[PDB]
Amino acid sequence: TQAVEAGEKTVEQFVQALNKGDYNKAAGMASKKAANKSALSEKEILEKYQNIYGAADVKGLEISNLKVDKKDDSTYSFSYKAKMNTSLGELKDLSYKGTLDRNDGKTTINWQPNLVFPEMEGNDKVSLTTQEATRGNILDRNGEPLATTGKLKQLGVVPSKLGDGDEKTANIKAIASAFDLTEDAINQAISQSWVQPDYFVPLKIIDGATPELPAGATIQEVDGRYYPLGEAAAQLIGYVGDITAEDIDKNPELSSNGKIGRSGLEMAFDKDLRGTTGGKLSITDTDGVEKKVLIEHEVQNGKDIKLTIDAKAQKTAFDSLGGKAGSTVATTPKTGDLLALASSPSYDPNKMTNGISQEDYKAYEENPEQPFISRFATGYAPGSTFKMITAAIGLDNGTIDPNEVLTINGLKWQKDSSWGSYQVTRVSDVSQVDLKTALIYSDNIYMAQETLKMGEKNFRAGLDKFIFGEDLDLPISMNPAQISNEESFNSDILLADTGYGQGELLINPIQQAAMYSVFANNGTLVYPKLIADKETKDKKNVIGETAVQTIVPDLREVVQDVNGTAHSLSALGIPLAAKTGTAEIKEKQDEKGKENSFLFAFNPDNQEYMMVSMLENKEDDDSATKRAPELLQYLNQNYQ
């Protein structure tokens, strides 16, 4: 109907005008206080919709069902349902019944308080008496908190105490310099709506101590989420952020204000960690009387999540990367307990949840070393540490014998001229190489040569006993690990490189530590485990016991022999079986790209700890085993 075509539109656009918080568009389109029915004056919605929704912060009003009929010559009526979300939880449902007005295009709604709530007599106030639930903690193995609530410093200003003029602008400068803010953020944080110069407007939330206080600045205590390790655990733990309307749209069960996880475990365990706040609306009628309030809730605190993480080992693993790109995973391999999941470089989770400028958020996003990435959950080529695996498969299927002695001359080898420029590279020119020599000197030519004999079928049959393609039961995103891009290599180069961990393998450090724990479990593979009360899951006979008793003594010699590639760790005087690794990522736009350093290490005398550590795009004499000591000493002092 062309006459009332603006009758369906001019109610839903008002409902969305209340959704986005612009109450004056809503309270700007009413006729007057005419006697139909009463109703209420044009300018007497001044404190209404603002002082009732300031403590409520209600958003998410949606209709989903609109059909308007006719009643009189000048009356069209409502009868439909709606829902919304306020500070006290979900309010479903709402029944709306209101009348229209007959005008020349100005389809004016005759609002009376029945259209806000399904019954409202008039001229009455409310009482909130709210109580706020606390978010659940995230604890380590020993109950040390990785995410909890702390007392923070709320920084703000009141505009009247800054003065006027060049003295006021100089105070604005002094605030911006002291609070590490901009002048423009302060100027339109103040110069906005709802402001009057004696109002305390907030500007920033600090975890550390109070800075310099120029005239106008104002300090307050505030309760918020705190991360005692911060950067050292940021990618794992994540951060929380304020509720937006878009999260209300995905899950209307949420509140209107409050916190929501945006990454890491805070997003992964958001439902368990959140809980529900307490308090009720309590519409009075200016004497103490209560009518009745329909949909309401009680208080319920969030639940705690306890991890297998060792906080001190997490910090030692992160600090040992020295701000460079890399990742470190440590486990107790008999159990699968993830002791540390460090990813570097990292971001500051406290500043991300306490208000971070767009300056710094893009500086984190502009950083080519990508500090937002969970590198322990990112697939890499494992590097030449993976020689342990193919050696193990070779001792299982009878194609690799430890007495076999290959003659290799030089540093470079290719199968024929068909390989063109590509050739397998090694570091030490050792003429006579058996398997133990290959493992001590990290000889890639030996294993690639012994991967082409014992070809693809024997090789992939050994690899298929591992966890390739499996989704691990962990609260981390984690692509499954792949052998190669396709079901077959279709080339000797790819097979040969797969033999020493290059090529198209993609294995993240966590599933990399899963595959490597067979050397501490006599061939049984023990799955990683992050939640401290999940029961252990293994997978038996992935490799044979005799492969383990052949390889692990040679991995001891990787440390103990002066020619060992991890001989520097011999100086620590602790029992170690180790494997170093390289991987050359070519980045096929220029030649001779970046090289990553790897270290696998565990204690072979008690099997109580294991570590895999990646250092990505190393520089000269910089390696993952150079960075490993302080974590190793910690692990064997405290995991025996």
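The first residue of the sequence shown is number 1, and the count goes up from there.
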Review point. Of 270-278 and 345-353, which one has the bigger average CA B-factor?
Key: 270-278
Revision key, fill the gap. Per the PDB entry, mean CA B-factor is higher for 40-48 or 579-587, namely for 40-48
Point to revise | Deposited CA B-factor, highest of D207, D337, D533, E121 | key: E121
Revision key, fill the gap. When the entry's CA B-factors for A571, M614, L66, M611 are compared, the highest one belongs to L66
Practice item. Classify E62 as lowest, middle or highest third according to the C-alpha B-factor given in the PDB entry, relative to its own chain. Key: highest
Review point. So where's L94 on the chain's Cα temperature factor ranking, which third?
Key: highest
Check your understanding: Compared with the other modelled residues in the chain, in which third is the CA B-factor of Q2?
Key -> highest
Check your understanding: Lowest, middle or highest third: where is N142 by Cα B-factor in its chain?
Key -> middle
Practice item. Among all modelled residues of this chain, ranked by Cα B factor, put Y199 in the bottom, middle or top third, i.e. lowest, middle or highest. Key: highest
